[PDB]
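Comments concern the structure below.
No value in this document is a laboratory result; all are computed from the given coordinates. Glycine gets a Cβ as well: all are built from the backbone with ideal geometry, and neighbour counts include every protein chain shown.
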Amino acid sequence: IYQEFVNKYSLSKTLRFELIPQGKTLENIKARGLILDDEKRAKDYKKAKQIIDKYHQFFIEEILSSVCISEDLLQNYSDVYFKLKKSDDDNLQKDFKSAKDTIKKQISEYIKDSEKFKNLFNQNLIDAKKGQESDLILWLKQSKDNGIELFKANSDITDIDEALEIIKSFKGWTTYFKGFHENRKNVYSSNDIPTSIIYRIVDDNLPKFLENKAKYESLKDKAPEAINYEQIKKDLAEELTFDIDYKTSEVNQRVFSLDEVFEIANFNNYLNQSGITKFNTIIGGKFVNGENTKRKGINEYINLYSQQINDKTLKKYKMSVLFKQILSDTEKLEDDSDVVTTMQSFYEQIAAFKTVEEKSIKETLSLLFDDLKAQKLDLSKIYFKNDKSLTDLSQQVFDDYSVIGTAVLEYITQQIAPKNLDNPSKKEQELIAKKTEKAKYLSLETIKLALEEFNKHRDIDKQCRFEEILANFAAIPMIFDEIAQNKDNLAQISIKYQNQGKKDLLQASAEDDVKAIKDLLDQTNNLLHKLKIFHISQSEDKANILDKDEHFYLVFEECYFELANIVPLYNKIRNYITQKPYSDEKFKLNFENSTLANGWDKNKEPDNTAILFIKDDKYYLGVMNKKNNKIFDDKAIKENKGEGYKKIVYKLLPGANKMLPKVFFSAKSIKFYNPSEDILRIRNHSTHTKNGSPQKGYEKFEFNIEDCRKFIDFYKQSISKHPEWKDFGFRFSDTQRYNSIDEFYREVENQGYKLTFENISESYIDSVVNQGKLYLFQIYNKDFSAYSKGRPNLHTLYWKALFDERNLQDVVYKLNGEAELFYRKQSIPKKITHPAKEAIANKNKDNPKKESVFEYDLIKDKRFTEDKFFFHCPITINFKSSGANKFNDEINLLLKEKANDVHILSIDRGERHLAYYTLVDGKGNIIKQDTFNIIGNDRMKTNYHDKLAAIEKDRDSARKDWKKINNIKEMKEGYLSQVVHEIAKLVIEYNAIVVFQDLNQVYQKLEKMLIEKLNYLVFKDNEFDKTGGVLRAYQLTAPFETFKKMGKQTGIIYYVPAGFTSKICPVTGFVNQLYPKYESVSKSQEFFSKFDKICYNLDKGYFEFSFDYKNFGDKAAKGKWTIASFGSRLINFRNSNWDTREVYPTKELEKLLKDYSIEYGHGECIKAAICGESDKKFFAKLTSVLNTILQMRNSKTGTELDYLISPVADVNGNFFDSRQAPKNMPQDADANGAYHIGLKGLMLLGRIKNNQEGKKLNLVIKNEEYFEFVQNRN
RNA sequence: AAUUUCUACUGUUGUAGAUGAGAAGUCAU
DNA sequence: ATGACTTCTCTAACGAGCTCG
DNA sequence: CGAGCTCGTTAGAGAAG
């Protein structure tokens, strides 16, 4: 049970709303320029960061290159890594810490004491102080306007002279940058973070630079290669000027060599980005636009050394690639003109695209398509590939299914011809061990050798040979004339889409015009489908030449090589019409205020300028204007103490590490608080802390419990003297029972939150709104109306419990600050598409109602058709008792008293069902069992595989007229969200824990949506502030960190290994790990000799193969089987007509062993009759029998009929077909695919109810443990 | 086809569920 | 071209700096 | 020039598979 598992840790939601402009606020908002003069700010703030991160680049350009030389200590780090990468010892894993925290401090002390660093993260960046010049404009004007570096030209901003007009226009706005001057302290950081530029060099360039020099001098062994220092260094000459030197001393102008490279003392050259562009250039190889190919590189000599030997081990000493530096850069057609201008420019390349013979596409290619029609030329210069592309010939001209496509394989796979069988069933789970290269190729002479034998199989001599199709291009020049005739009809849609910044072609008004270009995309659409019939892919078997000539394939690449832009264009404007209309920017409203609502707090209300209100459960926002911002001071509230709205007194104490030593020990009020001798002594040297900083100008001494618990005693003598903070009613614990400073601030910030209500009369608000000294908005969604028949959302079941009375008894929902306001521009013209009162037809066919009346109108989507405000407002749930470390471990200690009580869930994947839960109790007897297609079971009961069953057939829409709007691209993710609720209502109600598939696409995004969707879980129609309510409710899972470190247990969703659950009988537990494969005739006979007795059931009427696995070596498991030949089993085949051909077990044997000299009706061992039999035709159709004597899952044309059968009997002597099963066994081919996860997981409650005193107990399953366990619940 | 936004709906100027937001950062099925 | 995954804050009050007093 | 004075810093605790 989970009834004691409430109130565990702190979250950070973001309740979002829409703001309704009430009174006449939006008259005033458009009266002054606060939206027109917005989004030239808030779309240049987001364009300011190409005038600051074009300065963080140029800063790192001169803090790591010329300077910051961590010289010769790299040899100290070289020694602590090569010896460490074999051995994990305390002699060196803590000396791994040595040059870890030495090189960074050798760097970061040069970072934090540098030239431009100090005046970078304050006001001195943009505009500093009166008379002085700030660093950025000093950089931009006095270094970059004078020294003209034309690098603003490579962006959307025109020049530097306009760029300065942005920078001056942020004067006064430099606390609107507390989200962007947060992500630059963590670029020059020095910490355990994966973000910095110092983590980049010290932890992910240097430890992958030691691997580069260790495998460079090993490459100097067996090195005869013509590396460019042996022949020519003019190639990498200007690229390797190298006016510095970090080996001995800097030389003016000499060019380095390969001796300088990979030196441990020359890594100081290879630190920043300007130099990873020279490390990974000598390794990489530069391009030259002087009619040159790619010049020679180091790993282009490991290919030039392989001209002498073809070693697989030759490539293992190549050069890797170091990463790119943080924030440096090298130096989705959503434009409506580019849909027409691309093909309009692409249409112009036909007359300008010429061949190699000095003629045009028509001036030379016209007569070339009418000369070799007799096939007199060498038509054997072709090379195909027999993987997927071979079916286009017979599927294009023969119109067959499994006849012409199966006549190339047997002649090609029998090259070396080591083989006897096929059809590999497992296949689980590995790719390769060392290497494997064999054995086949692709060409056209095998088509002459495999189809030419069938060319003479007809009666008459006018059949289909391999050479009777050479005249397919008799009008190759005239075929382009059809696309040219469809070019004159483009000026209308080009006139209809003449606007650039509109995106006004994929609207509903251009619905009929979409056939003007989608049907216009048919003249070049199908030709590209046939355009791949003149060039094979790179399916070469290590000798990809194929005898390429230049006679027949001379002018093909000169004209047809330019035809790939239709694949670029038609493959580029697919999602342009597919995409739904959103077309916004969703930009932050400021209301002319760098701090719009950082915090809703009373002493700083005239600078956040944002107030909330309450009137009869309709929640309000109030944004004051800045010029009138003291209009709710203490004066104008004592006057207007009337009745009307309510008003919010949100009083806050944030950062008790940052606050209580801010007021008590600073220059304004230290004398009134009067610190003593002993108490200021402690805070001088940080004596009350374990890692706390001292006052700067001291040194960190020891922690003392005596010099900490007396320092907590100071704080009970200065908060009470603070003029306001005495009113919180702090009630601390006794200072004998405070352990340190961490267990004291858990009783400051868990009480520094007071929320009271002081009434404001309505008539006072209406005056200042109409005058303009407020902006009153309304907090609104579906759940705030009188048209609320039933259940609310969660983002309104929360907001109605921020301001609640029962919230403020003891706070479990703390309003946070930091919030913003957003304004979305409109993108949809309102066209109604459902007029008044008429009959409207449904779309759910599971409905006891077929029509709809609807007096009013219903527009397509009323969201985007209205210019709406938006308000995002964070909270912090379980604010007073946060923490919950070791939360995987804490829920496991919950279970130990709770044995014999908690039932177990289970969830598959699939596409036959989509999931299949099964509530397994402690003893395998399942309680519930239901699918997840019919879900949403209130009374509507919609169905979900059936909706996919046409969107499984989605690959038809965008092909003809380029019109695909059918929602695969979001429905995938969205089905799972309904499931999340429905998993969860079972979890709590059945005292249930959850298992899953471990996964050691939307194939893990369900499991994503049960971690962060059981952070905190709340049932809407549960009793308020009762055991699972909205205040006190269920937190069961620790949050999501990664999918990788998700681990075996991320809460109560355990995991079991994915393999061997879907082929198992429930009552006994067989798996066919034995793989009958038929290598050869006698090479199967030793398998049949290993059986116990292949007798017959004269008493029953079916064969049986008694067997034990241990006489074969794999090894699977241990037990006397006696498998049988009972149930009717189905076999699929090549569908296209042939998808089901049912084969009986016993009838197929009695046809076959009776056909040979084997008599069997007596009923004893028939070993030596089979073992003595030695026919080619016998065993090939006998191992295939036992292949399908054990194929326990059977479809019919799966789906719609996919039941369960099972060979093996039991102690009852009974088999198991699913149609004669009771309820407490599985039912389908995914229900047995889920029930074993539902008892592989049951021993994860077998371990945890019996966990050691040693509290480590891993949750990994070895396969033999399960394979024994399931067989032995009996 | 109505939404704080997304999917699915008629569940009737909405019902049932879902929900963490901004701005950066590297990098890969 | 989407999914990965590492990081910030989720903020009141003091105090340098300011326009004048 | 002490009031004022509006906007930017600045006070800096703590578990670790």
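Observations
- In region A:333-427, Cα pairs under 8 Å separated by at least six residues give a relative contact order of 10 percent.
- Restricting the trypsin sites (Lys or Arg not before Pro) of region A:1241-1274 to loop positions (DSSP other than H, G, I, E, B) with no more than 11 neighbouring Cβ atoms within 10 Å leaves A:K1255, A:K1256, A:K1262, A:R1273.
- Extension gain, A:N943 to A:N966: 0.36 nm times the residue separation minus the Cα-Cα distance gives 6.5 nm.
- Dipole of chain A computed with +1 at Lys/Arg Cβ and -1 at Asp/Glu Cβ about the Cα centre; of A:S249, A:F757, A:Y9, farthest Cα towards the positive end is A:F757.
- Using θ = phi - 60° in the Karplus curve 6.51 cos²θ - 1.76 cosθ + 1.60, the 3J(HN,Hα) couplings for region A:621-637 round to 10, x, 9, 6, 6, 6, 5, 10, 6, 9, 7, 10, 6, 6, 5, 6, 10 Hz; x is entered for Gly and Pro.
- Full-stretch length increase - A:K381, A:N925 - with 0.36 nm per residue and alpha-carbon distance subtracted: 189.1 nm
- With neighbour counts taken as other beta-carbon atoms within 10 Å, the residues A:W600, A:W725, A:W1138 rank, fewest first, as A:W1138, A:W725, A:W600.
- Chymotrypsin sites (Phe, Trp or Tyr not before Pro) lying in DSSP loop within region A:531-561, provided at most 16 other Cβ fall within 10 Å: A:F552, A:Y553
- Distance in nm between pseudo-label sites at A:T413 and A:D783 (7 Å out along the Cβ direction from Cα): 6.0
- Under the combined filter of DSSP loop state and at most 13 neighbouring Cβ atoms within 10 Å, region A:240-289 retains these chymotrypsin sites (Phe, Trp or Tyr not before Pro): A:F287.
- Once backbone amide H atoms are built at 1.01 Å from N, A:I611 has A:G622, A:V623, A:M624 as its partners under 5 Å, excluding neighbours fewer than 5 places away on the same chain.
- Of A:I904, A:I832, the sequence from fewest to most neighbouring Cβ atoms within 10 angstrom is A:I832, A:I904.
- Proximal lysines to A:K1177, defined as alpha-carbon separation beneath 25 angstrom and excluding residues fewer than eight positions away on the same chain: A:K419, A:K426, A:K1077, A:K1083, A:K1090, A:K1093, A:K1147, A:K1151, A:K1154, A:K1167
- Reported to the nearest whole Å, the Cα centre-to-centre distance from region A:569-648 to region A:716-760 is 30.
- Amide H within-cut-off set for A:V1143, under 5 Å, with H built and near neighbours excluded: A:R1129, A:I1131
- Amide H contacts of A:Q826 (H built 1.01 Å from N, under 5 Å, at least 5 apart or other chain): none
- Separation between Cα centres of region A:340-357 and region A:1-23, rounded to whole Å: 58
- Förster-model FRET efficiency, 35 Å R0, A:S767 and A:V663, C-beta, rounded to 0.05: 0.40
- Derived scalar couplings between HN and Hα for region A:679-687 equal 7, 5, 4, 5, 6, 5, 10, 6, 6 Hz in order, rounded to whole Hz, by the Karplus curve 6.51 cos²θ - 1.76 cosθ + 1.60 (θ = phi - 60°), x for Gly and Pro.
- ³J(HN,Hα), Karplus 6.51/-1.76/1.60, whole Hz, each residue of region A:911-920, x for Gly, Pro: 9, 9, 7, 10, 7, 7, 7, 8, 7, 8
- Going from the residue with the fewest nearby Cβ atoms within 10 Å to the one with the most, A:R909, A:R1219 rank A:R1219, A:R909.
- With contacts taken as Cα pairs under 8 Å and at least 6 residues apart, region A:485-600 reaches a relative contact order of 27 percent.
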